[PDB]
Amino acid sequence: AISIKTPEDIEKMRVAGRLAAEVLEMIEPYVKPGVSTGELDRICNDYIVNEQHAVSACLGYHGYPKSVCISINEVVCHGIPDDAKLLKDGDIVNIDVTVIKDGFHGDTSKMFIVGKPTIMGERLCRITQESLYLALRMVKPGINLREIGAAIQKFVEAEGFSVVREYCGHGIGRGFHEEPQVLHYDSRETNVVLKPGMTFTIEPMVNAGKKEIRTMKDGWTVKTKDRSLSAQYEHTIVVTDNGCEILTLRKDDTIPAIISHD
């Protein structure tokens, strides 16, 4: 079944979420032309281990070889940090972090635009983040995840973009991926009504082109089949009595931590 976090667990999630968000805030200045994704990963891991006294939940997860996932341009997700992969002017890059602290996971990612942004890159990232934001604003007890997934897809598709179907958001807590699955599109299979205390992620993967993807032969790197740009933003949240609280909010987020309804 689905778990409803206790006040104590929610506090631990706040701590874990804050740490994950802080890794993204910390790494930002390093995401510039010339840097390798491999070094960004090491910088993130050193910070997580030595500064936050936490641990990356990604390393070893289903065999994932690195500490954080770094995906560039057409790479949709699971990009493997490589000391030989350099960021360049115009690149859009997603750094996805998941830390475990005091037994709980904080999961979040954001897009970084490297050097001079390309209007398409800016547009895709902005729209992708806005799709996450619109979804967050819908979160509150009584709402069905199907409605949220449908809303995300409708928005994204109205922009001329597509939503990746192979991946979804997820419940989170002592487990990296717990129930329920949080699809970012409309599916007849989705029937999960939100309840206070639920902690999960919303992390839409949006392609500028077609939805189809391909996994490279390193068994991890996923790219858009048409090699169009793909962007993703992710936040871990806790459903409150009248909305939700974003546990991985950053200083650069343009949405409040506490979203209240009435």
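The numbering used is simple: start at 1 and walk along the sequence shown.
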| item | value |
| --- | --- |
| Segment of higher mean CA temperature factor, 80-88 or 151-159 | 80-88 |
| 52-60 versus 66-74 - greater average Cα B-factor per the deposited record | 52-60 |
| Highest recorded Cα temperature factor - choice among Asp107, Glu130, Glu189, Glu166 | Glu189 |
| Residue of maximum C-alpha B factor among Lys101, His170, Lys116, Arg126, per deposited coordinates | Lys116 |
| Chain-wide C-alpha B factor ranking for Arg137, given as lowest, middle or highest third | middle |
| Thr254, C-alpha B-factor rank within chain (lowest, middle or highest third) | middle |
| Third assignment of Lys217 from its chain's C-alpha B-factors | highest |
| CA B-factor ranking of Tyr47, expressed as a third of its chain | middle |
| CA B-factor placement of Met120, once the chain's modelled residues are sorted into thirds | highest |
